[PDB]
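**Q** Input: one structure, supplied below.
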2 protein chains.
Amino acid sequence: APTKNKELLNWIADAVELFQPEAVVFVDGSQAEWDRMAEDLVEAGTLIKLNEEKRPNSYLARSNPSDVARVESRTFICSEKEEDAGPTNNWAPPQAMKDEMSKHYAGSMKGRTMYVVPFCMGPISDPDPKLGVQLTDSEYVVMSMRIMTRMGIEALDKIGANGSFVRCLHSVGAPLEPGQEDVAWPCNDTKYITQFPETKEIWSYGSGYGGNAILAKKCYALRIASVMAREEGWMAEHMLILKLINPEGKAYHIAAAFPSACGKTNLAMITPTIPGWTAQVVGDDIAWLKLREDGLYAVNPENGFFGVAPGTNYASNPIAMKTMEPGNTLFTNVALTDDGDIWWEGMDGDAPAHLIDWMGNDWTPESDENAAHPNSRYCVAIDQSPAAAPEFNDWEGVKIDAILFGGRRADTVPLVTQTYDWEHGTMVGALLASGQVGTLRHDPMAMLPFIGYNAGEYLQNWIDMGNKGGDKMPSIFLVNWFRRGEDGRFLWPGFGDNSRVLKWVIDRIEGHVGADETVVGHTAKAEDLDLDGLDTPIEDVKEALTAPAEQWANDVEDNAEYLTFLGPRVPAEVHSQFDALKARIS
Amino acid sequence: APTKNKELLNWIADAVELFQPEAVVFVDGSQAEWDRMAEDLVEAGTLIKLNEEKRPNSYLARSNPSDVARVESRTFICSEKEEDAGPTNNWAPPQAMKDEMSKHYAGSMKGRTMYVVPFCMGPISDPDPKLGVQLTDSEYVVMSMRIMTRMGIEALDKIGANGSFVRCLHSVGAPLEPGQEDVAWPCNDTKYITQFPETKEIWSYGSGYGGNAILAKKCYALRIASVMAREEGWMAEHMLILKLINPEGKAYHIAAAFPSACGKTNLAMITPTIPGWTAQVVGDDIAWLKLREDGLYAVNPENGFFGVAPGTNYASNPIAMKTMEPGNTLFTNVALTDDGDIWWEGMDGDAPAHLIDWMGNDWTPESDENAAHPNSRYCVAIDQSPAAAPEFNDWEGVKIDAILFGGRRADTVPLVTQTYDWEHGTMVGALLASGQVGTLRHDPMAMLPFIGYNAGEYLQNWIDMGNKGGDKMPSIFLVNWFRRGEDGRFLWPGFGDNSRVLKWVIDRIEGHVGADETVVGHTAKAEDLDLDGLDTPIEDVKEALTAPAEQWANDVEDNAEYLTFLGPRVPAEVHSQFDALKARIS
């Protein structure tokens, strides 16, 4: 118990009375502490240690099939007023959810140890950092947390004697009776994930899996962080931060908000396919931004990658594969090979003829069920990446030069377009969606499941920042890599070739321009685009660059409905940008 | 007061105390009473009377854009235990919910009349009817209840001095101070629809619209009613009920669950396309089924049609159109002509030069915005249909001979296929999906927003029903009108011609047609369909009746995760049928 913080300890003190753990242990975040936990969990059944000359210090977790992601219907924003959760959030009364949850918490830790996990959400050298503590009965969550945050003694020292912190409560809801044998993956048929914005608490129950259990991941870094960003004057976002360095060696940084699971990751870790361009990753998931006075700066509140495994391979993400090469990775619900290595769908070979699947069953390729679950994950530290940006651990943040929004659309949305200004940009984000009334799948800012308050106010935060902020805001772009030919073929190759789209972007914000105007905005002229090496020469699918106004007309009503959906706090400014859009298509 | 019902009188006393209405008015059901409310609402500027020479005794309601459907975000099944609400429902603790809502209900009828709306769910001739009473401050709700239910003094006399009922409370949430002028459409930015299954009560707040306010439709008819069904050994389902009479003689009755409204509307009021088959509607929305002596029998609990107006014309649904040609229709959020008739998109009456849209603005066929909102409705008496089955008012119901499940699938699912037995049919409904990986859009039983308790336990109800009924159970079929060729066009003309399919379901029941074995079950051989006339499909028909096993093997992981998602009350019977399906798929 290395702390003199009276709040910390009383809170811990009430938790122990309720939860009733067998013992309590402050986590220090040490390598011995990790080793000790690996071996406890290898002895439990929970982790399988991977072949050491394949993948050192690397483990596979298989979860109970019903505890493998998500649980939206039981994830609540418990603000005091229903209207501060808003239409995009679940809500239920804050005290009665506390009462509901203690009924479940009472005794939940009996037969188990309660770990006290201090943590900090960005570089420890920031003079004034966001901080939390999690109480959990899961050594798995303690290990994942070691990779995903700055955990342990340094962060208990940052909280200090009088510092504050987000308080996180977590139990997998599987108390043991004396002399009672346990399971590999403990969990409950009742699962709750509850955020309480006013008080900055996060309380989870019944789930040992990813985001429900690693309360740092979405609950903190997006849902609660977003409220702090609202209350304080900054932005917590679902952005990748990428750094792009040209042949001249100039550095530029690009924030991008994509719904795509690993759409984000394959650009966050891109290898440019154009000579002289390299890129480094600052984060692939979450971006906290504030206004310094000479620009918008982003930090990554995370310390690790927690990426979707399927589809990851040396053609599509060699940087993610080169990161897991030294080992030191927690894999969850991926397959196991006869070599004691791991596999998943989309890997560079032919499917192996035998595996053990994420369920523990012999598997052959003629199974129609997947060897690795669709939501399966790797969890590895960011600084293990060969393309890890040297300034990813530095509190100053990186200056953002451009923000991208995109979704998958088969039609309508050009490959790349430059917005007019932030307010225009805020509207285009609000309408962000995927697909081809009711048919478009809407994901405003790629934040839909993660806004921790009223989504229309969240768009007013955007408007506020651009004004507060003025001519120092970076330009917003709209991309889309998924246009399809009348045939049905993808028009733009994607993958490492999107670097050509990112150069175009860099070439606009400086002014070596070329845009010919569309309803959507300032869009690539399509031979201001570095297209050397592509499909087969003479090329020029400029079809990916159309925004045919009939297509835009088709969308007008759905978009009109959605903005109404978003409610009474949708800013006057977003509605006006939307008028203008309709004036423009008309 | 016309009632000696003391439970009932207490309950009104209590709501009156809470709500503080200026006046309490028991509603009789009469025509003069309706007339007098339409006059009040025409004065309140709430409704517009249509051209009497064109649409007798009909009205246009226009709602505030802010309450135009929806509020699934705030629709709660408040069981004491959260898993009684289960993974397809929103949950919040009962008592906590009564207090939140009483905080809003407190004084909301200030300046307004509380209407007491006694009502009957189904034929009024039934010796033990499901009855209800709704308290509301909206005369548009009362008007709508008179089309949609058997309402008024008859219903209050059936309740009697000692009758039970469902207690349904409703306020729009717009109380009026001494000075204060009213608005044409009152409501509140805070909206709630809470079902309490144990106590059989429904509370609504903040919305005057559709199924937020009309508590019979949806809240009582499906949600509360499925709870009752599960407790009492019957079924409440989201099925049309169609009478089909074959050439010289025989009457069949087909129930059909489609996730639509107009997919169902178009089948319930189908006019056949084959010589000597005639079709009559018993219902187009909700079915209450109960095993009798020789089979499973269905009542339409509803008294009125409440269908989506756009898309409705004399080519797609002329029975819909002829039901309305006499007038007595209450329209909501359709468009309004310059001489006082209505219009909506998909009307045969192509491009009027000018309309007023459902928002009060002038509309041209240049606007990119719909004149009729897409969820726009007409409400009209079943009685008035030229195609109405005389027996829709029988308390003993119609015997069901086949049940159809259908979703909108461009590929995979054959045009029509017969399931093996009730327990198989049950798995086929569990997996019912559309789209129109993780990309299927599931709707088990076309029930997903409506199940009033644990979804897997609802599957368990189908199973238990199959077991009570044994061989008296109707054959289940899976249809798919929406299959597409290599060029993106439909293989099946549908609309009137789905009668050709309906005839094969009938031939198949009676055993006069064979079947190609697919992975799905017994699918129609093309050569066993038609009747000629088909208007131009070649055996494109054959393509639509295809069940390619690669597309099926593709969906296996999807469907497997979905049965997992539905939880630990998913019957073993359903899992066993899915194993059998995976078996056939290899």
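Residue numbering restarts at 1 in every chain; chains get A, B, ... in the order shown in the structure tokens, and ligands count up from 1 in that same order.
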As a ChimeraX atom specification, could you give me every residue of chain B near chain A (at most 9 Å apart, counting only C-alpha atoms)?
**A** /B:65-66,70-74,82-83,86-93,95-97,100,189-190,366-370,374,435-438,487,553-558,560-561,564-565,567-568,582,585-586
**Q** Limited to C-alpha atoms, could you put the picked residues into a file as a PDB file, in the first residue's frame?
**A**
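Final file, out22.pdb:
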ATOM      1  CA  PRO B  65     -40.379  16.607 -36.791  1.00  0.00           C
ATOM      2  CA  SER B  66     -38.990  15.878 -33.270  1.00  0.00           C
ATOM      3  CA  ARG B  70     -38.803   5.831 -32.833  1.00  0.00           C
ATOM      4  CA  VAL B  71     -37.405   6.179 -29.262  1.00  0.00           C
ATOM      5  CA  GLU B  72     -36.114   2.666 -29.138  1.00  0.00           C
ATOM      6  CA  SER B  73     -33.352   4.206 -27.014  1.00  0.00           C
ATOM      7  CA  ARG B  74     -35.972   4.874 -24.290  1.00  0.00           C
ATOM      8  CA  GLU B  82     -32.780  -7.811 -15.834  1.00  0.00           C
ATOM      9  CA  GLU B  83     -32.508 -11.136 -17.555  1.00  0.00           C
ATOM     10  CA  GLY B  86     -32.787 -10.190 -21.672  1.00  0.00           C
ATOM     11  CA  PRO B  87     -30.294  -9.343 -24.502  1.00  0.00           C
ATOM     12  CA  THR B  88     -32.654  -7.896 -27.089  1.00  0.00           C
ATOM     13  CA  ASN B  89     -34.297  -5.457 -24.647  1.00  0.00           C
ATOM     14  CA  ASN B  90     -33.425  -2.261 -22.767  1.00  0.00           C
ATOM     15  CA  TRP B  91     -33.731  -2.601 -19.058  1.00  0.00           C
ATOM     16  CA  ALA B  92     -34.059  -0.364 -16.052  1.00  0.00           C
ATOM     17  CA  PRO B  93     -35.112  -1.197 -12.505  1.00  0.00           C
ATOM     18  CA  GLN B  95     -39.297   1.262  -9.077  1.00  0.00           C
ATOM     19  CA  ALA B  96     -36.525   3.611 -10.220  1.00  0.00           C
ATOM     20  CA  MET B  97     -38.342   3.897 -13.455  1.00  0.00           C
ATOM     21  CA  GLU B 100     -38.204   9.030 -12.928  1.00  0.00           C
ATOM     22  CA  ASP B 189     -37.991  16.509 -25.717  1.00  0.00           C
ATOM     23  CA  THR B 190     -37.861  13.843 -22.875  1.00  0.00           C
ATOM     24  CA  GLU B 366     -37.523  19.513 -57.555  1.00  0.00           C
ATOM     25  CA  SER B 367     -37.205  19.049 -53.715  1.00  0.00           C
ATOM     26  CA  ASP B 368     -34.841  16.262 -52.729  1.00  0.00           C
ATOM     27  CA  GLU B 369     -36.889  15.796 -49.618  1.00  0.00           C
ATOM     28  CA  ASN B 370     -39.933  13.615 -49.259  1.00  0.00           C
ATOM     29  CA  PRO B 374     -41.432   7.821 -44.962  1.00  0.00           C
ATOM     30  CA  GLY B 435     -29.744  -6.750 -45.029  1.00  0.00           C
ATOM     31  CA  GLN B 436     -32.344  -4.568 -46.833  1.00  0.00           C
ATOM     32  CA  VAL B 437     -19.474 -11.597 -41.874  1.00  0.00           C
ATOM     33  CA  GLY B 438     -21.566  -9.595 -39.236  1.00  0.00           C
ATOM     34  CA  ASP B 487     -27.305  -7.807 -63.141  1.00  0.00           C
ATOM     35  CA  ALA B 553     -21.712 -21.876 -45.492  1.00  0.00           C
ATOM     36  CA  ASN B 554     -20.840 -18.204 -45.508  1.00  0.00           C
ATOM     37  CA  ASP B 555     -23.597 -17.323 -43.032  1.00  0.00           C
ATOM     38  CA  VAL B 556     -22.781 -20.152 -40.592  1.00  0.00           C
ATOM     39  CA  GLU B 557     -20.467 -18.177 -38.263  1.00  0.00           C
ATOM     40  CA  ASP B 558     -22.896 -15.261 -38.289  1.00  0.00           C
ATOM     41  CA  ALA B 560     -23.835 -19.354 -34.772  1.00  0.00           C
ATOM     42  CA  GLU B 561     -22.882 -16.078 -33.043  1.00  0.00           C
ATOM     43  CA  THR B 564     -25.092 -17.434 -28.859  1.00  0.00           C
ATOM     44  CA  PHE B 565     -26.092 -13.781 -28.608  1.00  0.00           C
ATOM     45  CA  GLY B 567     -28.377 -16.251 -24.572  1.00  0.00           C
ATOM     46  CA  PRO B 568     -28.643 -19.227 -22.105  1.00  0.00           C
ATOM     47  CA  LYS B 582     -24.454 -27.077 -40.423  1.00  0.00           C
ATOM     48  CA  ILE B 585     -24.363 -27.402 -45.387  1.00  0.00           C
ATOM     49  CA  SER B 586     -21.236 -29.650 -45.720  1.00  0.00           C
TER      50      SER B 586
END
**Q** When you look at residue 571 in chain B with a cut-off of 10 Å (counting only C-alpha atoms), what residues show up, excluding the ones that are within fewer than 4 positions of it in the same chain? I need them as a list in words.
**A** residues 427, 456, 457, 458, 459, 460, 461, 462, 463, 464, 563, 567, 575 and 576 of chain B
**Q** Write the residues of the preceding selection, restricted to C-alpha atoms, as a compact mmCIF listing (two decimals), in the first residue's frame.
**A**
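Output below, filename result.txt:
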# COMPACT_ATOMS: atom_id res chain seq x y z
CA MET B 427 -34.88 -22.39 -35.63
CA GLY B 456 -34.31 -17.12 -25.80
CA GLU B 457 -37.14 -17.85 -23.40
CA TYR B 458 -39.49 -16.63 -26.20
CA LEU B 459 -37.92 -19.21 -28.52
CA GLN B 460 -38.57 -21.58 -25.64
CA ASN B 461 -42.30 -20.60 -25.95
CA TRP B 462 -42.49 -21.69 -29.65
CA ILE B 463 -40.92 -25.04 -28.68
CA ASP B 464 -43.33 -25.64 -25.73
CA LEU B 563 -27.83 -18.02 -31.42
CA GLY B 567 -28.38 -16.25 -24.57
CA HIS B 575 -29.05 -25.48 -31.11
CA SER B 576 -29.71 -29.01 -32.19
**Q** Give me the residues within 6 Å of range 398-406 of chain B as a list in words, counting only C-alpha atoms and dropping any in the same chain fewer than 3 places off.
**A** residues 253, 254, 255, 256, 257, 258, 296, 297, 298, 474, 475, 476, 477, 478, 479 and 480 of chain B
**Q** Can you work out which one of A:195, A:266, A:361, A:31 has the shortest atom-to-atom distance to residue 319 in chain A, counting only C-alpha atoms?
**A** A:266
**Q** As a PyMOL selection string, list the residues of range 213-425 of chain B assigned to strand (DSSP E or B) by DSSP on the backbone atoms of this structure.
**A** chain B and resi 235-237+240-245+251-257+278-283+287-291+296-299+304-308+330-332+335-337+342-343+355-356+362-363+377-381+388+398-399+402-406+416-418
**Q** Which residues are near residue 8 in chain A? Cut-off 10 Å, only C-alpha atoms, ignore same chain within fewer than 3 positions. Put them as a list in words.
**A**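 My list of contacting residues is residues 3, 4, 5, 11, 12, 13, 133, 156, 159, 160, 161, 162, 163, 164, 165 and 167 of chain A.
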**Q** In terms of the shortest atom-to-atom distance over only C-alpha atoms, which of B:562, B:209, B:481, B:395 is closest to residue 127 in chain B?
**A**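 For residue 127 in chain B, the nearest of the candidates is B:395.
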**Q** Which polymer residues have any atom within 9 Å of an atom of residue 123 in chain A, counting only C-alpha atoms, with same-chain residues fewer than 4 positions away left out, as number ranges by chain?
**A** A: 129, 150, 299-303, 392-395
